[PDB]
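Asker: For reference, the file upload-v7.cif (mmCIF, N, CA, C and O atoms) is included below:
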data_run
loop_
_atom_site.label_atom_id
_atom_site.label_comp_id
_atom_site.auth_asym_id
_atom_site.auth_seq_id
_atom_site.Cartn_x
_atom_site.Cartn_y
_atom_site.Cartn_z
N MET A 1 120.05 -1.88 -9.81
CA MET A 1 120.81 -0.83 -10.56
C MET A 1 122.00 -1.48 -11.26
O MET A 1 123.02 -1.78 -10.62
N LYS A 2 121.86 -1.69 -12.57
CA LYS A 2 122.93 -2.29 -13.36
C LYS A 2 123.05 -1.55 -14.69
O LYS A 2 122.03 -1.26 -15.33
N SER A 3 124.28 -1.25 -15.10
CA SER A 3 124.51 -0.55 -16.36
C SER A 3 124.10 -1.46 -17.53
O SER A 3 124.24 -2.68 -17.43
N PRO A 4 123.61 -0.91 -18.65
CA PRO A 4 123.20 -1.74 -19.82
C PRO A 4 124.41 -2.31 -20.53
O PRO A 4 124.37 -3.40 -21.09
N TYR A 5 125.51 -1.55 -20.48
CA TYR A 5 126.76 -1.95 -21.07
C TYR A 5 127.23 -3.24 -20.41
O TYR A 5 127.57 -4.22 -21.08
N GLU A 6 127.23 -3.20 -19.09
CA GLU A 6 127.64 -4.32 -18.29
C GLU A 6 126.64 -5.48 -18.39
O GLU A 6 127.04 -6.63 -18.58
N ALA A 7 125.35 -5.15 -18.29
CA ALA A 7 124.31 -6.17 -18.38
C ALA A 7 124.40 -6.87 -19.74
O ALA A 7 124.22 -8.08 -19.85
N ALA A 8 124.70 -6.06 -20.75
CA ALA A 8 124.84 -6.55 -22.12
C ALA A 8 126.07 -7.45 -22.26
O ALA A 8 126.03 -8.46 -22.97
N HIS A 9 127.16 -7.05 -21.60
CA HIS A 9 128.41 -7.80 -21.67
C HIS A 9 128.21 -9.22 -21.14
O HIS A 9 128.64 -10.19 -21.77
N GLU A 10 127.56 -9.32 -19.98
CA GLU A 10 127.32 -10.62 -19.37
C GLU A 10 126.42 -11.47 -20.27
O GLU A 10 126.66 -12.67 -20.44
N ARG A 11 125.39 -10.84 -20.84
CA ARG A 11 124.46 -11.54 -21.72
C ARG A 11 125.18 -12.07 -22.95
O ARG A 11 124.97 -13.21 -23.35
N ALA A 12 126.05 -11.24 -23.52
CA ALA A 12 126.81 -11.63 -24.70
C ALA A 12 127.73 -12.80 -24.39
O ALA A 12 127.90 -13.71 -25.21
N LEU A 13 128.33 -12.77 -23.19
CA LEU A 13 129.24 -13.83 -22.77
C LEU A 13 128.53 -15.17 -22.68
O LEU A 13 129.05 -16.18 -23.15
N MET A 14 127.37 -15.16 -22.04
CA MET A 14 126.61 -16.38 -21.85
C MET A 14 125.98 -16.87 -23.15
O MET A 14 125.97 -18.07 -23.42
N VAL A 15 125.47 -15.93 -23.96
CA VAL A 15 124.85 -16.30 -25.24
C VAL A 15 125.91 -16.93 -26.15
O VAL A 15 125.68 -17.98 -26.73
N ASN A 16 127.05 -16.25 -26.27
CA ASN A 16 128.11 -16.73 -27.15
C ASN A 16 128.58 -18.12 -26.76
O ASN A 16 128.75 -18.98 -27.64
N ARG A 17 128.78 -18.35 -25.47
CA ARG A 17 129.23 -19.66 -25.00
C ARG A 17 128.08 -20.67 -25.13
O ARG A 17 128.30 -21.82 -25.50
N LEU A 18 126.86 -20.21 -24.84
CA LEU A 18 125.68 -21.05 -24.92
C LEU A 18 125.50 -21.59 -26.34
O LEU A 18 125.16 -22.76 -26.52
N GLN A 19 125.74 -20.73 -27.33
CA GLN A 19 125.60 -21.14 -28.73
C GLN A 19 126.58 -22.26 -29.06
O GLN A 19 126.23 -23.22 -29.73
N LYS A 20 127.81 -22.12 -28.59
CA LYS A 20 128.84 -23.12 -28.84
C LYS A 20 128.39 -24.48 -28.31
O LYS A 20 128.49 -25.49 -29.01
N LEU A 21 127.88 -24.49 -27.07
CA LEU A 21 127.40 -25.72 -26.45
C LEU A 21 126.21 -26.29 -27.21
O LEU A 21 126.13 -27.50 -27.43
N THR A 22 125.28 -25.42 -27.59
CA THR A 22 124.08 -25.86 -28.31
C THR A 22 124.46 -26.37 -29.72
O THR A 22 123.86 -27.31 -30.23
N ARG A 23 125.47 -25.73 -30.31
CA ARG A 23 125.94 -26.09 -31.65
C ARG A 23 126.59 -27.47 -31.67
O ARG A 23 126.35 -28.25 -32.60
N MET A 24 127.42 -27.77 -30.66
CA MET A 24 128.11 -29.06 -30.60
C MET A 24 127.25 -30.17 -30.02
O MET A 24 127.45 -31.34 -30.34
N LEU A 25 126.29 -29.81 -29.16
CA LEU A 25 125.39 -30.80 -28.55
C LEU A 25 124.50 -31.49 -29.58
O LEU A 25 124.22 -32.68 -29.46
N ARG A 26 124.04 -30.72 -30.58
CA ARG A 26 123.16 -31.28 -31.61
C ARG A 26 123.84 -32.41 -32.36
O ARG A 26 123.22 -33.44 -32.64
N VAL A 27 125.12 -32.23 -32.68
CA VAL A 27 125.89 -33.25 -33.39
C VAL A 27 126.45 -34.29 -32.40
O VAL A 27 126.52 -35.48 -32.72
N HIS A 28 126.83 -33.82 -31.21
CA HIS A 28 127.38 -34.68 -30.17
C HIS A 28 126.69 -34.39 -28.82
O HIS A 28 127.27 -33.71 -27.96
N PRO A 29 125.46 -34.87 -28.59
CA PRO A 29 124.74 -34.61 -27.31
C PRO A 29 125.37 -35.36 -26.14
O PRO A 29 125.23 -36.58 -26.02
N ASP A 30 126.07 -34.62 -25.28
CA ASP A 30 126.73 -35.20 -24.11
C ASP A 30 126.05 -34.75 -22.81
O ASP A 30 125.54 -33.62 -22.76
N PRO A 31 126.03 -35.57 -21.76
CA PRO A 31 125.40 -35.18 -20.46
C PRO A 31 126.20 -34.09 -19.75
O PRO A 31 125.63 -33.18 -19.15
N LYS A 32 127.53 -34.19 -19.84
CA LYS A 32 128.43 -33.22 -19.22
C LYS A 32 128.18 -31.85 -19.85
O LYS A 32 128.04 -30.84 -19.16
N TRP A 33 128.15 -31.86 -21.17
CA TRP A 33 127.93 -30.65 -21.95
C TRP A 33 126.54 -30.10 -21.70
O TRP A 33 126.34 -28.88 -21.62
N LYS A 34 125.57 -31.01 -21.57
CA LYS A 34 124.18 -30.63 -21.32
C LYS A 34 124.05 -29.87 -20.01
O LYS A 34 123.32 -28.88 -19.94
N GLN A 35 124.75 -30.34 -18.97
CA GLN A 35 124.68 -29.70 -17.65
C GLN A 35 125.15 -28.25 -17.72
O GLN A 35 124.55 -27.36 -17.11
N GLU A 36 126.23 -28.01 -18.47
CA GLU A 36 126.77 -26.67 -18.63
C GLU A 36 125.76 -25.77 -19.34
O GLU A 36 125.63 -24.59 -19.02
N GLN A 37 125.08 -26.35 -20.33
CA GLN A 37 124.10 -25.62 -21.13
C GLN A 37 122.94 -25.11 -20.27
O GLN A 37 122.44 -24.01 -20.51
N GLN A 38 122.49 -25.92 -19.30
CA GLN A 38 121.36 -25.54 -18.46
C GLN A 38 121.66 -24.29 -17.65
O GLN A 38 120.80 -23.43 -17.49
N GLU A 39 122.89 -24.19 -17.14
CA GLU A 39 123.29 -23.04 -16.35
C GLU A 39 123.21 -21.77 -17.20
O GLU A 39 122.74 -20.73 -16.73
N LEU A 40 123.66 -21.87 -18.44
CA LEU A 40 123.64 -20.75 -19.38
C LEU A 40 122.21 -20.37 -19.73
O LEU A 40 121.86 -19.19 -19.76
N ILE A 41 121.38 -21.39 -19.97
CA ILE A 41 119.98 -21.17 -20.32
C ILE A 41 119.25 -20.48 -19.15
O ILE A 41 118.45 -19.57 -19.37
N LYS A 42 119.52 -20.95 -17.93
CA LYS A 42 118.87 -20.40 -16.74
C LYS A 42 119.25 -18.93 -16.52
O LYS A 42 118.38 -18.10 -16.26
N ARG A 43 120.54 -18.64 -16.62
CA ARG A 43 121.03 -17.27 -16.42
C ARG A 43 120.46 -16.32 -17.47
O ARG A 43 120.06 -15.20 -17.14
N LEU A 44 120.41 -16.79 -18.71
CA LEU A 44 119.88 -15.99 -19.82
C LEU A 44 118.39 -15.70 -19.61
O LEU A 44 117.92 -14.61 -19.94
N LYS A 45 117.67 -16.68 -19.08
CA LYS A 45 116.23 -16.54 -18.84
C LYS A 45 115.97 -15.36 -17.91
O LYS A 45 115.05 -14.57 -18.14
N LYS A 46 116.78 -15.24 -16.85
CA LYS A 46 116.63 -14.15 -15.89
C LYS A 46 116.75 -12.80 -16.59
O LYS A 46 115.75 -12.11 -16.67
#
Now that the file is in, can you turn its structure into structure tokens?
Answerer:
Amino acid sequence: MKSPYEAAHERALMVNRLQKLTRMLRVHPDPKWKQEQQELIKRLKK
């Protein structure tokens, strides 16, 4: 039981941050940055 507003908020938070990491990784692929990206990708997948 989760509100769509709230579920949406969390999704937006992770997507927005995920994009930033994906955007900078393409030009500057870092392992540290990559690790953070996986967490975002995994959460979004759920």
Asker: Please measure the separation of atom CA of residue 6 of chain A and atom CA of residue 33 of chain A, giving the value in Å to one decimal.
Answerer: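 It comes out at 26.6 Å.
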Asker: What does the structure give for the distance between atom CA of residue 25 of chain A and atom CA of residue 37 of chain A, in Å to one decimal?
Answerer: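 Calculated distance between atom CA of residue 25 of chain A and atom CA of residue 37 of chain A is 9.1 Å.
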Asker: Atom N of residue 23 of chain A and atom CA of residue 2 of chain A are how many Å apart?
Answerer: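 Going from atom N of residue 23 of chain A over to atom CA of residue 2 of chain A covers 29.0 Å.
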Asker: Using all atoms listed in the file, determine which residues lie at most 8 Å from segment 10-18 of chain A, disregarding the query and same-chain residues fewer than 3 positions distant; provide the list as a ChimeraX atom specification.
Answerer: /A:3-7,21-25,33,36-37,39-41,43-44
Asker: Go ahead and save the picked residues with N, CA, C and O atoms, as a compact mmCIF listing (two decimals), in the frame of the given file.
Answerer:
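Result file follows (result23.txt):
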# COMPACT_ATOMS: atom_id res chain seq x y z
N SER A 3 124.28 -1.25 -15.10
CA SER A 3 124.51 -0.55 -16.36
C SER A 3 124.10 -1.46 -17.53
O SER A 3 124.24 -2.68 -17.43
N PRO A 4 123.61 -0.91 -18.65
CA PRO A 4 123.20 -1.74 -19.82
C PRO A 4 124.41 -2.31 -20.53
O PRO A 4 124.37 -3.40 -21.09
N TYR A 5 125.51 -1.55 -20.48
CA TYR A 5 126.76 -1.95 -21.07
C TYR A 5 127.23 -3.24 -20.41
O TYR A 5 127.57 -4.22 -21.08
N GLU A 6 127.23 -3.20 -19.09
CA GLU A 6 127.64 -4.32 -18.29
C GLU A 6 126.64 -5.48 -18.39
O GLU A 6 127.04 -6.63 -18.58
N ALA A 7 125.35 -5.15 -18.29
CA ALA A 7 124.31 -6.17 -18.38
C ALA A 7 124.40 -6.87 -19.74
O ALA A 7 124.22 -8.08 -19.85
N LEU A 21 127.88 -24.49 -27.07
CA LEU A 21 127.40 -25.72 -26.45
C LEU A 21 126.21 -26.29 -27.21
O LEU A 21 126.13 -27.50 -27.43
N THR A 22 125.28 -25.42 -27.59
CA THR A 22 124.08 -25.86 -28.31
C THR A 22 124.46 -26.37 -29.72
O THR A 22 123.86 -27.31 -30.23
N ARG A 23 125.47 -25.73 -30.31
CA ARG A 23 125.94 -26.09 -31.65
C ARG A 23 126.59 -27.47 -31.67
O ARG A 23 126.35 -28.25 -32.60
N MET A 24 127.42 -27.77 -30.66
CA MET A 24 128.11 -29.06 -30.60
C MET A 24 127.25 -30.17 -30.02
O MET A 24 127.45 -31.34 -30.34
N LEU A 25 126.29 -29.81 -29.16
CA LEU A 25 125.39 -30.80 -28.55
C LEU A 25 124.50 -31.49 -29.58
O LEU A 25 124.22 -32.68 -29.46
N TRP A 33 128.15 -31.86 -21.17
CA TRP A 33 127.93 -30.65 -21.95
C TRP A 33 126.54 -30.10 -21.70
O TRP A 33 126.34 -28.88 -21.62
N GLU A 36 126.23 -28.01 -18.47
CA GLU A 36 126.77 -26.67 -18.63
C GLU A 36 125.76 -25.77 -19.34
O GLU A 36 125.63 -24.59 -19.02
N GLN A 37 125.08 -26.35 -20.33
CA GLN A 37 124.10 -25.62 -21.13
C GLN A 37 122.94 -25.11 -20.27
O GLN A 37 122.44 -24.01 -20.51
N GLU A 39 122.89 -24.19 -17.14
CA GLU A 39 123.29 -23.04 -16.35
C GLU A 39 123.21 -21.77 -17.20
O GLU A 39 122.74 -20.73 -16.73
N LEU A 40 123.66 -21.87 -18.44
CA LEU A 40 123.64 -20.75 -19.38
C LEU A 40 122.21 -20.37 -19.73
O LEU A 40 121.86 -19.19 -19.76
N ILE A 41 121.38 -21.39 -19.97
CA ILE A 41 119.98 -21.17 -20.32
C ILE A 41 119.25 -20.48 -19.15
O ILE A 41 118.45 -19.57 -19.37
N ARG A 43 120.54 -18.64 -16.62
CA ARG A 43 121.03 -17.27 -16.42
C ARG A 43 120.46 -16.32 -17.47
O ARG A 43 120.06 -15.20 -17.14
N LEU A 44 120.41 -16.79 -18.71
CA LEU A 44 119.88 -15.99 -19.82
C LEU A 44 118.39 -15.70 -19.61
O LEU A 44 117.92 -14.61 -19.94
Asker: Pick out each residue of chain A that DSSP on the backbone tags as alpha helix (DSSP H); I need them as a PyMOL selection string.
Answerer: chain A and resi 4-27+31-45
